Number of protein chains: 4
Amino acid sequence: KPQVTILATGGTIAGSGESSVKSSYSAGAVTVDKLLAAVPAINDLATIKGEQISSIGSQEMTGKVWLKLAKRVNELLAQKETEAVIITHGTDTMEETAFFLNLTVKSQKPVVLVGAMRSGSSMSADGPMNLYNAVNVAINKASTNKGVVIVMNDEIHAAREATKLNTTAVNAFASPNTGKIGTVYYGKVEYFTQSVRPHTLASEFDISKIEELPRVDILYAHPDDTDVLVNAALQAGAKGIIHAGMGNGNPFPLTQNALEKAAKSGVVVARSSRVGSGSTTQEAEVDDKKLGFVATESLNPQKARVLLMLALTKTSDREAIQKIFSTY
Amino acid sequence: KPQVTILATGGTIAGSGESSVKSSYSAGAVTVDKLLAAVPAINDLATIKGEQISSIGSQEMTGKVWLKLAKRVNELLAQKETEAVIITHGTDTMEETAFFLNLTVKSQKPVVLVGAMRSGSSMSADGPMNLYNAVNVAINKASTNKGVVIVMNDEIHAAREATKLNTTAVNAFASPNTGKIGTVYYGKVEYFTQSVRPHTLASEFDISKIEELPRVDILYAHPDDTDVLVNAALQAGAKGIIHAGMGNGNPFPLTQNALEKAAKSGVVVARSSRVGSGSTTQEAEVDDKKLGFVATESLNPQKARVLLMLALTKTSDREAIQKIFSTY
Amino acid sequence: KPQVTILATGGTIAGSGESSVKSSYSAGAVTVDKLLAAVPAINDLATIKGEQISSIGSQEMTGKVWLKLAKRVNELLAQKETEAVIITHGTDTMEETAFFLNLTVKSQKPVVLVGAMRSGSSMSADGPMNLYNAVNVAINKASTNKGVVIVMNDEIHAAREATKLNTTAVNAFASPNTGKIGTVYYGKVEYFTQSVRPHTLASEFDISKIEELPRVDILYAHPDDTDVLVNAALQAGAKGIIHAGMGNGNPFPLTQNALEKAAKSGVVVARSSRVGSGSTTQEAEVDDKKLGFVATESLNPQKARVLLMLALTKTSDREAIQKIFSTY
Amino acid sequence: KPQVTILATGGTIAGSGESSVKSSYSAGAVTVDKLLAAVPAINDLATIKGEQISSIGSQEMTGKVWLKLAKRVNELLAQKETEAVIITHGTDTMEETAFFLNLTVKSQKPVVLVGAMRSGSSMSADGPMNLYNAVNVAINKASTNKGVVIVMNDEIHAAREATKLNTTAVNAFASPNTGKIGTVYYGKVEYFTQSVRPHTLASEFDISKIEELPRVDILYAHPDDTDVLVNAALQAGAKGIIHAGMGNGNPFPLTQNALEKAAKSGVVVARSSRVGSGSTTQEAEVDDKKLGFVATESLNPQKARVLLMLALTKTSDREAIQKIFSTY
Ligand SMILES: N[C@@H](CC(=O)O)C(=O)O
Ligand SMILES: N[C@@H](CC(=O)O)C(=O)O
Ligand SMILES: N[C@@H](CC(=O)O)C(=O)O
Ligand SMILES: N[C@@H](CC(=O)O)C(=O)O
């Protein structure tokens, strides 16, 4: 059987309450032992080890945990015995973690993120099936060199493309600019596409000596907008600002003036959009070269923030950062 | 022929350059005369008058223009001769203006907003067809008491439900929580549903004596979030804050603490979501009663902001504002 | 507590195996007693009675069962004590049954159809939550006069609009031309729209004395198509044919010739589309008046078949049937 | 400039009426000269030659035209000077032609299909932009070895995945199981994914000596279904039958019996679904091995028909054809 490590970042996503007997096997973490008792079929698929990386809701995630997680995944995948890693994660910020890992994990071995939109104690809990399917995706031969993926609701999503698009639905994850790369239905894994954007082993980013990430704020645009939030971000030491613009990345005029001042001060200003899908394009209404801004193209604000944080570990140059957005 | 007024808020959405002869008829505004020359078939459908309300891109919209527009629409629809109004508008913030009018226009006569995702001078410009269809919707007997609608890409969307969900596509408008209420295909209008949430003549809001709207800021949530933007909004005199939360409206802990302090000071804090669709629900992970927050339910951040601005013209009471979010 | 009857058309959609004790209460049907044991929370919401109408997979449905079901629902809802009916049904043809009931049930009281895309013995079975939500929708005051609805995956779909759009997903039901009319999330029911097309008490159709429905076949169009299936339908005594055309209802020329001959013989030919969404329109490429065909407008082939079957109980007149398609 | 050939299969998709002067250049086909006059910017991108392959609406397409087109495309792409082919085509059956070419063109050079949902003479015609973008996709370096693509509405779709999913909308094309592989916005081409299913140079099929394709019929399933259409297809010499089944490919019992008899006679029976998306899976409710059927997995009925036609040029063996459906 293949060997896989499950890294937990919070509580259990499958099952509820205490186990009906004390397991003889310890996987290495109580959360993971609880998963193996809730979804016993996973033991027939792989030898499972477990680790508790953090113990939080995903809305409490920080860069410090991202760095810890990425360094550990890199260590685990460098081991000959370890065939893949599965990370159990809260759904709220799963897309941000997945995208961060997709640029920092230096391996072709599968890395699968999975969660649950319903509590494990709920009627019709989705966690058990989501986990079972995640293990099957982690051990599949075709999963190699696909990048980091999210497995939810019988679907396999590329980390660059995935987002949570609904507050409550079991089918909340989507890839609105490209679609799922594959499917997993009662453990049967099939891929139909793959990303052509560089990831994992092909990424230029290396976080192995980084202890803290650069500060990047996100602003939400609207009619009758303001300069005071730009100013407060600058005052708090923001190294970058993602602006979630109206339509195709458009600012209100007062805010634009403030962003232009931020960019001149050396804070990188990257234009995204509040709309949900599509590219925030170059050479539309905003003269990015004249103002000193980067266009984020086909991302969203929260994933753009992750990429700009990584870029800022290397450079604050506008052209070099535009090239990063136009590559990854 | 029915009499309709077209109100322009910027430039032409159809045609490009100068007219091939000087019209004998003036509709009342040069922009509208240019529309009638670009889409001459509309003159066979209605007697068209025109007015220029503002001359801006929609990313430059302000509450002052919203108030001017709402008061003028109410004046026009009070005239016996005027059967409907059409408003030409930039796409970026069309959903905000439409939602504002849906709660402030005191009439059952149709109010249609229309725009264009491509320039009128572009190949395959969408403005001419969008406008032709908009006039057909405005004059249709079934359009009475539907509320304010957006007509784009052969679709009729209810203002409560409509949003721009893509940066560039001609089909960028959607109603992600309910779908379009009708269709309009080469001018043939058909309704399949109507909103059951109160609007227009049934709305409690009245802006006839309001000269300035309450300040309401929007915040974009993310991992490793901050208190400084909350604090800057408070300092700039925000009467309300929309928080675009992670997942089902969840804040990061530092931010939650700052929002709790805002709410205690009498600034209304309303929880929405950054995700794009679904309800930001009551009685999920955030104890709204204990912290002093409102749940915005099935809106999005930018329409929640419009409703909170209107609510704040009447009250800052938490319970009363929750009832308003649960009604409209 | 309100009184509701659950009518089963096959097996259980929630739970698996035998009950852990023999219930003292009999609801009136073993399948329903099994549902009450699998989802005990439903007993706190309503007094439940049960009946077994048929015992089949939905792919085995026949007009005979539709007639039995419709007559029984009409009898139950005529009783003062009965507040609503819930029908448990296989997903495959749930849309056809729902649409048939929406034109034949002469009552404003709620009629809710519900099923499960996963077996009740599966990990993460959706039936328990789907049923719980269905009962909550059946007892809600706002559900009155909404027509027949389908409740799946936390969504409320109007029967006229609903379809199964995916082979396996828990989120397979959709309303592709209009969207869901409401939501139901852990039993909390909210409506946002309603149909404006006539249904239930406002329908002209009455099946109380009908023992067998007219035969209507469906044909699937494609390049290099044929006349032999039209001919075989005619030979088998088809009273109507739904043609699932290419694009906006277009036939291949050989097939068109055969359909024109069918229509001249008195068999009603109604044009739908194989594409999945949108209206099959009048006055596009096919001259329906000259050829003797009906355009089905905003339906799909299988729901068009249901409406044409009902129309054929009354008339074979082309204009009268076009009016039926353009009304319901 | 790169040299590209445009092959027309019907009339012009852009422009309308006569040219304002007689061109000095002939591209080689009057339809193509009319395109170059309607969209003159294309002449700055490439040296364009033109050919008229057929003169029909796409609803009149036959296997004979598919064979002529595939052989000609193979001849052209074997020429050193020819960098790509563009094919103008009716939208109704564009997905079938594209899928056929994707399995029969023996080249990595780009092959782009393009059409228009509105007439060139319409207001807001989409053909001019669609064609401009199609030429930009054809000449882009990243378009090599992507397989055959459909370019519509600013989107690049893989032929294996693309379908017309709406009767009338300009955004009618979709890839419901995977999404678009790239974008093209005012000629700026970007790819985000590529198909991992074999195509073009990697396909086993070769049509160079085939003069007529095997007959394959499609049947539309429904409640109270019949055996007479199966029987008529057999009688007309069908070598294969695609069954568009209820839900996950389920037949009605009478029909299943007739299909079992067909399969025993050596007619290949392949199960697809009427639903619109998802896989028609193996090992669900239908025992394919026992009955002698193939599961078409993640296609739709009309593309399953194209693949079964090509499979039947080589074999009628059940297992071998299941492998073909599981590969391509
Ligand atoms: N708030 C939870 C949501 C979930 O996991 O569904 C989390 O993000 O940790
Ligand atoms: N930025 C423009 C976009 C458009 O109209 O499409 C506006 O909102 O005014
Ligand atoms: N074939 C089953 C499918 C389901 O219920 O999910 C039925 O239609 O009865
Ligand atoms: N019926 C036309 C439709 C179009 O091109 O949009 C065809 O397929 O040729």
# chains A, B, ... in the order shown; residues from 1 in each chain; ligands from 1
>>> residues_around(residues="residue 145 of chain A", least_positions_apart="5", cutoff="10 Å", atoms="only C-alpha atoms", output="list in words")
residues 107, 108, 109, 110, 111, 194, 195, 199, 200 and 201 of chain A
>>> residues_around(residues="residue 252 of chain C", least_positions_apart="5", cutoff="12 Å", atoms="only C-alpha atoms", output="PDB file with C-alpha atoms, in the first residue's frame")
ATOM      1  CA  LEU C 219     -36.787  12.174 -31.458  1.00  0.00           C
ATOM      2  CA  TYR C 220     -33.104  13.253 -31.092  1.00  0.00           C
ATOM      3  CA  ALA C 221     -31.787  15.276 -33.993  1.00  0.00           C
ATOM      4  CA  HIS C 222     -28.294  15.145 -35.552  1.00  0.00           C
ATOM      5  CA  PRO C 223     -26.318  15.508 -38.831  1.00  0.00           C
ATOM      6  CA  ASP C 224     -27.135  12.814 -41.418  1.00  0.00           C
ATOM      7  CA  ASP C 225     -30.494  12.204 -39.752  1.00  0.00           C
ATOM      8  CA  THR C 226     -33.280   9.966 -40.904  1.00  0.00           C
ATOM      9  CA  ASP C 227     -36.971   9.628 -41.644  1.00  0.00           C
ATOM     10  CA  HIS C 243     -38.498  16.842 -32.077  1.00  0.00           C
ATOM     11  CA  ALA C 244     -35.310  17.651 -30.030  1.00  0.00           C
ATOM     12  CA  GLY C 245     -33.745  19.788 -32.718  1.00  0.00           C
ATOM     13  CA  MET C 246     -30.220  21.032 -33.449  1.00  0.00           C
ATOM     14  CA  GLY C 247     -29.616  24.556 -32.105  1.00  0.00           C
ATOM     15  CA  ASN C 257     -40.005  16.128 -44.778  1.00  0.00           C
ATOM     16  CA  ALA C 258     -41.169  13.257 -42.654  1.00  0.00           C
ATOM     17  CA  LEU C 259     -42.408  15.510 -39.863  1.00  0.00           C
ATOM     18  CA  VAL C 286     -38.374  27.129 -39.429  1.00  0.00           C
TER      19      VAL C 286
ATOM     20  CA  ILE D  56     -24.965  24.588 -46.283  1.00  0.00           C
ATOM     21  CA  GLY D  57     -26.516  25.381 -42.908  1.00  0.00           C
ATOM     22  CA  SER D  58     -24.919  23.162 -40.207  1.00  0.00           C
ATOM     23  CA  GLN D  59     -28.220  21.403 -39.536  1.00  0.00           C
ATOM     24  CA  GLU D  60     -27.781  19.905 -43.055  1.00  0.00           C
ATOM     25  CA  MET D  61     -24.301  18.473 -42.376  1.00  0.00           C
ATOM     26  CA  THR D  62     -23.565  14.896 -43.447  1.00  0.00           C
ATOM     27  CA  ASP D  92     -25.897  24.086 -34.528  1.00  0.00           C
ATOM     28  CA  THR D  93     -23.515  21.183 -35.264  1.00  0.00           C
TER      29      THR D  93
END
>>> calpha_fit_and_write(fixed="chain D", moving="chain A", output="compact mmCIF listing (two decimals) with C-alpha atoms, in the first residue's frame")
# COMPACT_ATOMS: atom_id res chain seq x y z
CA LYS A 1 3.03 37.22 -41.97
CA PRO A 2 1.82 33.72 -41.34
CA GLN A 3 -0.19 32.01 -43.98
CA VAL A 4 -3.67 30.66 -42.99
CA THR A 5 -6.45 29.05 -45.00
CA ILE A 6 -10.09 29.77 -44.17
CA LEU A 7 -12.41 27.02 -45.21
CA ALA A 8 -16.10 28.01 -45.53
CA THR A 9 -18.84 25.50 -45.05
CA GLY A 10 -21.71 27.87 -45.76
CA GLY A 11 -22.24 31.61 -46.07
CA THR A 12 -20.53 34.57 -44.49
CA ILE A 13 -20.56 34.87 -40.69
CA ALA A 14 -19.54 38.55 -40.78
CA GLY A 15 -20.83 41.49 -42.84
CA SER A 16 -23.89 41.91 -45.03
CA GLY A 17 -24.61 42.74 -48.70
CA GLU A 18 -22.18 43.56 -51.54
CA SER A 19 -18.63 44.95 -51.23
CA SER A 20 -18.20 48.76 -51.71
CA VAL A 21 -15.54 48.06 -54.39
CA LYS A 22 -14.28 44.94 -56.23
CA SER A 23 -11.21 43.62 -54.34
CA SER A 24 -7.99 43.28 -56.40
CA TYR A 25 -6.87 40.32 -54.28
CA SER A 26 -8.85 37.08 -54.57
CA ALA A 27 -8.27 34.85 -51.52
CA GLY A 28 -9.67 31.94 -53.58
CA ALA A 29 -13.32 31.91 -52.55
CA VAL A 30 -15.97 34.61 -52.74
CA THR A 31 -17.24 33.92 -49.16
CA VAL A 32 -13.75 34.51 -47.82
CA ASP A 33 -13.22 37.69 -49.87
CA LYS A 34 -16.49 38.94 -48.23
CA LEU A 35 -15.08 38.11 -44.78
CA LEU A 36 -11.90 40.06 -45.50
CA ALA A 37 -13.97 43.09 -46.57
CA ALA A 38 -16.21 42.81 -43.45
CA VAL A 39 -13.24 42.38 -41.06
CA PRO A 40 -10.30 44.12 -42.74
CA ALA A 41 -8.07 44.00 -39.63
CA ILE A 42 -7.51 40.23 -40.28
CA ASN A 43 -5.35 41.08 -43.36
CA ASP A 44 -2.74 42.75 -41.12
CA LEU A 45 -2.44 39.49 -39.05
CA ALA A 46 -1.99 36.85 -41.77
CA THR A 47 -1.94 36.11 -45.42
CA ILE A 48 -5.31 34.61 -45.95
CA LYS A 49 -6.35 32.03 -48.55
CA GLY A 50 -9.90 30.83 -48.94
CA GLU A 51 -11.80 27.75 -50.05
CA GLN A 52 -15.46 26.84 -50.22
CA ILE A 53 -15.86 23.26 -48.97
CA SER A 54 -19.60 23.10 -48.80
CA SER A 55 -22.49 25.58 -49.01
CA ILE A 56 -24.97 24.52 -46.33
CA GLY A 57 -26.55 25.34 -42.97
CA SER A 58 -24.93 23.12 -40.27
CA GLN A 59 -28.22 21.37 -39.58
CA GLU A 60 -27.73 19.85 -43.11
CA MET A 61 -24.27 18.44 -42.39
CA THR A 62 -23.56 14.85 -43.50
CA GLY A 63 -20.66 12.37 -43.03
CA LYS A 64 -19.77 12.92 -46.66
CA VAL A 65 -18.94 16.56 -45.93
CA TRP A 66 -17.08 15.62 -42.74
CA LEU A 67 -14.85 13.26 -44.78
CA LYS A 68 -14.22 15.88 -47.47
CA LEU A 69 -13.35 18.47 -44.86
CA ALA A 70 -11.05 16.25 -42.81
CA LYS A 71 -9.12 15.06 -45.92
CA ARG A 72 -8.65 18.67 -47.09
CA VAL A 73 -7.50 19.91 -43.72
CA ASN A 74 -4.96 17.09 -43.60
CA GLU A 75 -3.70 18.08 -47.09
CA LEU A 76 -3.44 21.76 -46.18
CA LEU A 77 -1.62 21.21 -42.92
CA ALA A 78 0.90 18.87 -44.61
CA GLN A 79 2.07 21.93 -46.62
CA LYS A 80 5.10 23.72 -45.26
CA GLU A 81 3.66 27.18 -46.02
CA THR A 82 0.28 26.63 -44.25
CA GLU A 83 0.49 27.49 -40.53
CA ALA A 84 -3.15 26.87 -39.54
CA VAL A 85 -6.68 26.35 -40.79
CA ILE A 86 -9.89 28.23 -39.72
CA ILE A 87 -13.22 26.72 -40.57
CA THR A 88 -16.36 28.95 -40.62
CA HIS A 89 -19.35 26.85 -39.65
CA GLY A 90 -22.96 27.06 -38.56
CA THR A 91 -23.31 26.85 -34.79
CA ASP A 92 -25.90 24.03 -34.59
CA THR A 93 -23.51 21.13 -35.31
CA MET A 94 -20.15 22.87 -34.93
CA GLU A 95 -19.38 20.64 -31.93
CA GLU A 96 -19.84 17.45 -33.94
CA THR A 97 -17.52 18.65 -36.75
CA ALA A 98 -14.95 19.89 -34.32
CA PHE A 99 -14.92 16.56 -32.42
CA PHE A 100 -14.69 14.56 -35.73
CA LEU A 101 -11.70 16.69 -36.80
CA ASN A 102 -10.08 16.36 -33.40
CA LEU A 103 -9.85 12.56 -33.96
CA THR A 104 -8.95 12.63 -37.66
CA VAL A 105 -6.56 15.51 -38.29
CA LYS A 106 -2.96 14.25 -38.24
CA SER A 107 -1.14 17.40 -37.34
CA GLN A 108 -0.25 19.60 -34.37
CA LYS A 109 -0.87 22.82 -36.33
CA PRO A 110 -3.95 24.78 -35.13
CA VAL A 111 -7.39 24.05 -36.45
CA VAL A 112 -9.97 26.64 -35.29
CA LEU A 113 -13.74 26.42 -35.80
CA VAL A 114 -15.78 29.67 -35.56
CA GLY A 115 -19.31 30.85 -36.19
CA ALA A 116 -21.93 33.43 -35.15
CA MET A 117 -25.08 33.20 -33.16
CA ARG A 118 -26.44 36.38 -34.83
CA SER A 119 -26.71 37.03 -38.51
CA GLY A 120 -24.04 39.32 -39.98
CA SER A 121 -26.73 41.82 -40.95
CA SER A 122 -28.02 41.97 -37.35
CA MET A 123 -27.51 44.80 -34.92
CA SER A 124 -24.67 43.82 -32.61
CA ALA A 125 -23.54 40.90 -34.85
CA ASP A 126 -21.01 38.66 -33.06
CA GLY A 127 -19.31 37.24 -36.22
CA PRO A 128 -16.82 40.02 -36.83
CA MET A 129 -15.28 39.83 -33.42
CA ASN A 130 -15.52 36.00 -33.33
CA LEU A 131 -13.56 35.81 -36.67
CA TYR A 132 -10.98 38.34 -35.66
CA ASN A 133 -10.35 36.44 -32.46
CA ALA A 134 -10.26 33.09 -34.35
CA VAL A 135 -7.44 34.35 -36.60
CA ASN A 136 -5.50 35.51 -33.62
CA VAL A 137 -5.90 32.09 -31.96
CA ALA A 138 -4.88 30.28 -35.24
CA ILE A 139 -1.56 32.22 -35.43
CA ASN A 140 -0.61 32.02 -31.77
CA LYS A 141 2.48 29.95 -30.85
CA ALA A 142 0.69 28.47 -27.80
CA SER A 143 -2.13 27.07 -29.96
CA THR A 144 0.12 24.35 -31.36
CA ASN A 145 -0.79 20.84 -30.10
CA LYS A 146 -3.94 22.00 -28.30
CA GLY A 147 -6.11 19.90 -30.59
CA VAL A 148 -9.02 21.27 -32.59
CA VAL A 149 -10.61 24.25 -30.81
CA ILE A 150 -13.80 26.25 -31.01
CA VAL A 151 -13.47 30.05 -30.62
CA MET A 152 -16.70 31.86 -29.60
CA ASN A 153 -17.54 34.78 -27.36
CA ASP A 154 -13.94 35.51 -26.36
CA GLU A 155 -13.40 31.91 -25.22
CA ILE A 156 -11.27 28.99 -26.53
CA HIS A 157 -12.96 25.58 -26.04
CA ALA A 158 -11.36 22.18 -26.55
CA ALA A 159 -13.27 20.19 -29.15
CA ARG A 160 -13.65 17.14 -26.88
CA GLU A 161 -15.39 19.27 -24.28
CA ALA A 162 -17.36 21.91 -26.18
CA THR A 163 -21.09 21.99 -26.78
CA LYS A 164 -23.81 24.44 -27.79
CA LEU A 165 -25.85 24.74 -24.60
CA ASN A 166 -28.43 27.49 -25.39
CA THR A 167 -30.66 28.03 -28.41
CA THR A 168 -30.00 31.80 -28.99
CA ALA A 169 -27.48 33.41 -26.70
CA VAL A 170 -24.20 34.80 -28.00
CA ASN A 171 -22.64 32.93 -25.06
CA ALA A 172 -24.29 29.62 -26.04
CA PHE A 173 -21.02 27.58 -26.25
CA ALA A 174 -19.76 26.01 -23.09
CA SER A 175 -17.59 23.13 -21.87
CA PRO A 176 -19.84 21.88 -19.07
CA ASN A 177 -17.57 19.12 -17.74
CA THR A 178 -14.27 21.18 -17.75
CA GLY A 179 -14.52 24.81 -18.87
CA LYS A 180 -12.78 26.81 -21.50
CA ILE A 181 -9.07 26.11 -22.03
CA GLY A 182 -8.26 29.73 -22.78
CA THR A 183 -9.41 33.24 -23.63
CA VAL A 184 -9.10 35.64 -26.49
CA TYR A 185 -10.02 39.24 -25.78
CA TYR A 186 -9.59 41.74 -28.66
CA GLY A 187 -7.03 39.29 -30.12
CA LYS A 188 -4.97 38.74 -26.95
CA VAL A 189 -4.67 34.96 -26.57
CA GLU A 190 -4.03 33.26 -23.25
CA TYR A 191 -4.23 29.53 -22.39
CA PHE A 192 -4.84 28.27 -18.84
CA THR A 193 -5.35 24.54 -19.38
CA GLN A 194 -5.03 21.83 -22.03
CA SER A 195 -6.73 18.51 -22.61
CA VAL A 196 -4.98 15.33 -21.32
CA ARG A 197 -7.06 13.10 -23.54
CA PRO A 198 -5.35 12.05 -26.78
CA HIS A 199 -6.22 13.89 -29.98
CA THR A 200 -5.06 14.73 -33.53
CA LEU A 201 -1.58 13.24 -34.15
CA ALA A 202 -2.07 10.85 -31.21
CA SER A 203 -5.44 9.45 -32.38
CA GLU A 204 -5.61 5.92 -33.78
CA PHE A 205 -8.27 6.83 -36.36
CA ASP A 206 -7.40 7.32 -40.02
CA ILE A 207 -10.11 8.26 -42.53
CA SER A 208 -7.95 8.82 -45.62
CA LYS A 209 -9.44 5.78 -47.42
CA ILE A 210 -12.96 5.98 -46.03
CA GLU A 211 -15.76 7.08 -48.41
CA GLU A 212 -18.73 6.52 -46.15
CA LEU A 213 -19.11 6.35 -42.37
CA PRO A 214 -21.06 3.72 -40.43
CA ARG A 215 -24.66 4.47 -39.60
CA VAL A 216 -25.29 5.39 -35.93
CA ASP A 217 -28.72 6.45 -34.62
CA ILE A 218 -29.56 8.34 -31.38
CA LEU A 219 -32.59 7.62 -29.23
CA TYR A 220 -34.10 9.97 -26.58
CA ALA A 221 -35.25 8.24 -23.43
CA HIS A 222 -38.33 9.02 -21.31
CA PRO A 223 -41.05 7.49 -19.06
CA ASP A 224 -43.42 5.13 -20.91
CA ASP A 225 -40.79 4.57 -23.60
CA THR A 226 -40.92 2.19 -26.50
CA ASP A 227 -39.15 -0.54 -28.44
CA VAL A 228 -40.24 0.63 -31.92
CA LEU A 229 -37.49 3.16 -32.55
CA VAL A 230 -34.72 0.68 -31.62
CA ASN A 231 -36.41 -1.73 -34.05
CA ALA A 232 -36.61 0.81 -36.83
CA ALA A 233 -32.95 1.72 -36.42
CA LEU A 234 -32.02 -1.98 -36.69
CA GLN A 235 -34.27 -2.36 -39.74
CA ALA A 236 -32.53 0.63 -41.41
CA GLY A 237 -29.10 -0.98 -40.96
CA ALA A 238 -27.78 0.90 -37.88
CA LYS A 239 -24.28 -0.37 -36.95
CA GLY A 240 -24.47 1.51 -33.63
CA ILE A 241 -27.10 3.11 -31.37
CA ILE A 242 -26.45 5.91 -28.84
CA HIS A 243 -29.11 5.76 -26.14
CA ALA A 244 -29.61 9.21 -24.45
CA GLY A 245 -30.74 7.78 -21.14
CA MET A 246 -32.62 9.14 -18.13
CA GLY A 247 -30.27 10.31 -15.35
CA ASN A 248 -27.03 8.33 -15.36
CA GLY A 249 -27.81 6.58 -18.65
CA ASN A 250 -30.86 4.56 -17.51
CA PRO A 251 -33.29 3.01 -19.98
CA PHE A 252 -36.98 2.28 -19.59
CA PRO A 253 -37.47 -1.59 -19.31
CA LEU A 254 -39.14 -2.19 -22.69
CA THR A 255 -36.46 -0.21 -24.43
CA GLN A 256 -33.68 -2.00 -22.52
CA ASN A 257 -35.06 -5.34 -23.81
CA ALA A 258 -34.90 -4.08 -27.35
CA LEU A 259 -31.38 -2.72 -26.96
CA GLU A 260 -30.21 -6.09 -25.48
CA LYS A 261 -31.60 -7.78 -28.66
CA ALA A 262 -29.85 -5.18 -30.83
CA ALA A 263 -26.51 -5.79 -29.07
CA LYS A 264 -26.87 -9.59 -29.46
CA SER A 265 -27.45 -9.06 -33.20
CA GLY A 266 -24.06 -7.29 -33.39
CA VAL A 267 -25.23 -3.61 -33.32
CA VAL A 268 -23.10 -1.71 -30.75
CA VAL A 269 -25.23 -0.08 -28.05
CA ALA A 270 -23.58 2.84 -26.25
CA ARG A 271 -25.21 4.47 -23.18
CA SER A 272 -25.11 8.28 -22.90
CA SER A 273 -27.48 10.61 -21.08
CA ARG A 274 -30.12 13.19 -21.94
CA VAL A 275 -29.26 15.37 -18.90
CA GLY A 276 -26.52 17.59 -20.40
CA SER A 277 -23.36 17.11 -18.25
CA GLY A 278 -21.50 14.50 -16.25
CA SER A 279 -20.27 11.07 -16.97
CA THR A 280 -22.54 8.13 -18.02
CA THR A 281 -20.64 5.74 -15.76
CA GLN A 282 -19.72 2.07 -15.69
CA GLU A 283 -20.87 -0.04 -12.73
CA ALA A 284 -23.87 2.05 -11.73
CA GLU A 285 -27.44 0.69 -12.20
CA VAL A 286 -26.97 -0.91 -15.61
CA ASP A 287 -24.94 -4.15 -15.87
CA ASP A 288 -23.20 -3.29 -19.13
CA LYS A 289 -21.13 -6.51 -19.33
CA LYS A 290 -24.18 -8.75 -18.86
CA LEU A 291 -26.33 -6.80 -21.36
CA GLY A 292 -23.60 -6.21 -23.94
CA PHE A 293 -23.47 -2.36 -23.74
CA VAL A 294 -20.71 0.35 -23.72
CA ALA A 295 -20.81 3.30 -21.23
CA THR A 296 -19.92 6.55 -22.97
CA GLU A 297 -18.56 8.22 -19.84
CA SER A 298 -17.90 12.04 -20.07
CA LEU A 299 -19.29 12.90 -23.50
CA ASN A 300 -22.86 13.75 -24.67
CA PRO A 301 -25.02 11.84 -27.14
CA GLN A 302 -24.04 13.67 -30.28
CA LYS A 303 -20.31 13.54 -29.62
CA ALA A 304 -20.60 9.88 -28.53
CA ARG A 305 -22.22 9.21 -31.89
CA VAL A 306 -19.16 10.69 -33.65
CA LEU A 307 -16.72 8.56 -31.64
CA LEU A 308 -18.80 5.37 -32.14
CA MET A 309 -18.91 6.06 -35.92
CA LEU A 310 -15.10 6.23 -35.96
CA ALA A 311 -14.73 3.15 -33.76
CA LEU A 312 -17.06 1.20 -36.08
CA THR A 313 -14.64 1.82 -38.99
CA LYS A 314 -12.25 -0.53 -37.09
CA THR A 315 -14.31 -2.90 -34.84
CA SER A 316 -17.67 -3.85 -33.29
CA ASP A 317 -16.11 -5.48 -30.25
CA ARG A 318 -17.74 -4.30 -26.99
CA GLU A 319 -14.54 -4.30 -24.92
CA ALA A 320 -12.43 -2.58 -27.57
CA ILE A 321 -15.09 0.12 -27.95
CA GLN A 322 -15.35 0.61 -24.16
CA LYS A 323 -11.58 1.13 -24.15
CA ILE A 324 -12.01 3.77 -26.95
CA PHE A 325 -14.65 5.64 -24.83
CA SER A 326 -12.43 5.39 -21.76
CA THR A 327 -9.41 6.77 -23.70
CA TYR A 328 -10.52 9.65 -25.97
>>> select_by_dssp(residues="segment 1-73 of chain B", states="strand (DSSP E or B)", output="list in words")
residues 3, 4, 5, 6, 7, 8, 47, 48, 49, 50, 51 and 52 of chain B
